[PDB]
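Participant: could you work out the structure for the sequence below:
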Amino acid sequence: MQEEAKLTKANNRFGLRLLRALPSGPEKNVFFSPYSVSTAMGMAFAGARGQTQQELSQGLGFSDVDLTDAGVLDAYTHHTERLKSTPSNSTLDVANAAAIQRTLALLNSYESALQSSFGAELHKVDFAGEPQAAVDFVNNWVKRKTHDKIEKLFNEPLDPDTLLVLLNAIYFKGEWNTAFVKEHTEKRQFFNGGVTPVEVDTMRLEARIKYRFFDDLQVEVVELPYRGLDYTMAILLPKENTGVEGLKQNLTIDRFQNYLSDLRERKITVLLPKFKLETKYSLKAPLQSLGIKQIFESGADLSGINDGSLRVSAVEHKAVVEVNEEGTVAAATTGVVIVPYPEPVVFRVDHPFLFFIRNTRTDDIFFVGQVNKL
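Facilitator: Residues are numbered from 1 along each chain as shown. Take a look at the structure below.
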């Protein structure tokens, strides 16, 4: 398979692995862009060497798909290019950049790689002398690229020893192929945390929708496509009200793709809450739990960046989504901070569930959520 296809496979596997490691609870929703996180970590990977590079190759999923270090940069070039030129009814914008200390010398090779593989602009800032101005700059980049959906990634200035912040932003807007019928939206029961009944605005449609119940993990699956059917929201609904955490833990990328392959269009009724999520994560700890460790530590080898001693102090992520009768808008951003050292069917989404906004042509998974509380 193509390098870009290997990369999609690595990104997707990493995506579910990260999903499993994110903080979750009956009162705490989960939402993030694994594609955003992977892309930002790819930019750091471009500058990693030695054991640090090998550990990242492993962690980001490259090794398991036989995607070589050089192949990663190739694959990213093709992702970046196809993202620009792809004809769709839906909007998907991905942007990358690097905020660099004004007096930091980057290796020419790294600067070139950021441009060629990621289309990443460089922007000089004064991390050391002007922490407020530097973080204002970074946040205003995030705001423009997420189409104003995320105002700030960093709520406080960065530590003045910061030398580089690698940034990714993503924005998605789609309209449903089959809109929910707004006249039929009503307050309906939803089991918050799988156990606490509340009333929430709940949307209704009845149409031929890709659907299957799978006995293996006792899960109903649908895909709700956007216009043109090239993007979809896949929804995984546990049989049991309290089934979501177990579902998340049991899911693998092969099982997920196999579920998708087995869906068939069927006339069903879908009852789906309208909802908005807004989340934020410090990803260092979850990334460490996935075995990505050396990059965070003294002794890290990021010498492909500036031929010096650099490590990652933090990886921060923010994400937002709005789901309603017309469609979906989602955005996310990631910042890597671097320092020196047939019978009727009713698909009733009335309890916690997982969803995935994906491209059906490429298999790219752009957004993933777990809805626990509404």
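
Participant: what's the helix or strand for residue 350?
Facilitator: With the criterion set as DSSP states H and E, no secondary-structure element contains residue 350; it sits in neither a helix nor a strand.

Participant: let me see the domain layout of the chain.
Facilitator: 1-176+275-340, 177-274+341-374 (curated CATH domains).

Participant: out of those, deepest packed?
Facilitator: Each of the domains of the chain was given a mean neighbour count from mean count of other C-beta atoms under 10 Å, and the largest, a mean of 19, is that of domain 1-176+275-340. Backbone N, C-alpha and C define where each C-beta goes, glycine included.

Participant: off-centre distance for that one?
Facilitator: Remark: domain 1-176+275-340 is offset 10 Å from the chain centroid, using C-alpha atoms, centre = their mean, to the nearest Å.

Participant: from one end of that domain to the other, what's the distance?
Facilitator: Domain 1-176+275-340 has its terminal residues 39 Å apart, counting by C-alpha to C-alpha, to the nearest Å.

Participant: just checking, what's the longest helix in this protein?
Facilitator: helix 3-21 (DSSP state H).

Participant: hang on, residue 221 packs against residue 236?
Facilitator: Yes - the pair residue 221 and residue 236 passes the contact test of C-beta atoms under 8 Å, sitting 5.5 Å apart.

Participant: who touches both of those two?
Facilitator: Counting by C-beta atoms under 8 Å, 6 or more residues apart in numbering, the shared contacts of residue 221 and residue 236 are residue 259.

Participant: give me the element the nearest residue to residue 77 once chain neighbours are set aside is part of.
Facilitator: Residue nearest to residue 77 in three dimensions, not counting chain neighbours: residue 117, with 5.1 Å by C-beta to C-beta, 6 or more residues apart in numbering. When secondary structure is defined using DSSP H and E, the element that contains residue 117 is helix 108-118.

Participant: can you list contacts of that helix?
Facilitator: For helix 108-118, with C-beta under 8 Å, 6+ apart as the criterion, the contacting residues are 39, 42-43, 46-47, 73-74, 76-77, 80, 96, 98, 120, 122, 304-306.

Participant: that older thread, quick check: next helix or strand after the longest helix of the chain?
Facilitator: Reading on from helix 3-21 to the C-terminus, the next helix or strand found by DSSP H and E is strand 30-32.

Participant: what strands line up against that following strand, and which way round?
Facilitator: When sheet partners are counted by DSSP bridges, strand 30-32 sits next to strand 365-371 (antiparallel).

Participant: dump the partner strand to CSV, restricted to CA.
Facilitator: Listed next in CSV are the C-alpha coordinates belonging to strand 365-371 (Å, rounded to 0.1, in the frame of the first residue of the first chain):
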residue,chain,number,x,y,z
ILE,A,365,-10.3,9.8,11.3
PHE,A,366,-10.4,13.5,12.0
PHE,A,367,-12.4,13.7,15.3
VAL,A,368,-13.4,11.3,18.0
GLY,A,369,-15.8,11.8,21.0
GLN,A,370,-17.3,10.0,23.9
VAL,A,371,-20.5,11.7,25.1
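
Participant: and the contacts of it?
Facilitator: Counting contacts by C-beta under 8 Å, 6+ apart, the residues outside strand 365-371 that touch it are 11-12, 15-16, 19, 24, 29-35, 92, 170, 172, 244, 248, 273, 275, 277, 319, 321, 330, 332, 352-359.

Participant: 7 Å instead, please
Facilitator: The set of residues that contact strand 365-371 without belonging to it, under C-beta atoms under 7 Å, 6 or more residues apart in numbering, is 12, 15, 19, 24, 29-35, 92, 170, 172, 244, 248, 275, 277, 321, 330, 332, 352-358.

Participant: filter the contacts of helix 108-118 down to just the ones in helices.
Facilitator: Judged by DSSP H, those include 39, 42, 43, 73, 74, 76, 77, 80, 304, 305, 306 as members of helices.

Participant: OK, contacts around the second one?
Facilitator: Read it as residue 42. 72, 76.

Participant: and residue 314, what element?
Facilitator: When elements are assigned from DSSP H and E, residue 314 belongs to strand 310-323.

Participant: packing partners for that strand?
Facilitator: Contact here means 3 or more C-beta pairs under 7 Å, 6 or more residues apart in numbering; DSSP states H and E; on that basis strand 310-323 packs against strand 30-32, helix 34-45, strand 275-282, helix 284-289, strand 327-340.

Participant: 6 Å instead?
Facilitator: For strand 310-323, the packing partners by 3 or more C-beta pairs under 6 Å, 6 or more residues apart in numbering; DSSP states H and E come out as strand 30-32, strand 275-282, strand 327-340.

Participant: for residue 201, which of those is the nearest?
Facilitator: When the helices and strands packed on strand 310-323 are ranked by distance to residue 201, counting by C-beta to C-beta, first place goes to strand 275-282 at 8.5 Å.

Participant: strands paired with the closest one, and their directions?
Facilitator: Going by DSSP bridges, the partners of strand 275-282 are strand 310-323 (antiparallel).

Participant: measure how the longest strand belonging to the chain sits relative to strand 275-282, angle-wise.
Facilitator: Using DSSP state E to define each element, the chain has its longest strand at strand 196-214. Strand 196-214 runs at 90 degrees relative to strand 275-282, counting by axes from the mean of the first three to the mean of the last three C-alpha atoms, to 10 degrees.

Participant: which strands and helices sit next to whichever strand or helix holds residue 272?
Facilitator: Element membership of residue 272 [criterion: DSSP H and E] is strand 264-273. Packed against strand 264-273, as judged by 3+ C-beta pairs under 6 Å, 6+ apart, are the following elements: strand 196-214, strand 346-348.

Participant: out of these, nearest to residue 162?
Facilitator: Nearest to residue 162, of the helices and strands packed on strand 264-273 and by C-beta to C-beta, is strand 196-214 at 41.6 Å.

Participant: chain center to the closest one: distance?
Facilitator: From the chain centre to the centre of strand 196-214 is a distance of 24 Å (C-alpha atoms, centre = their mean).
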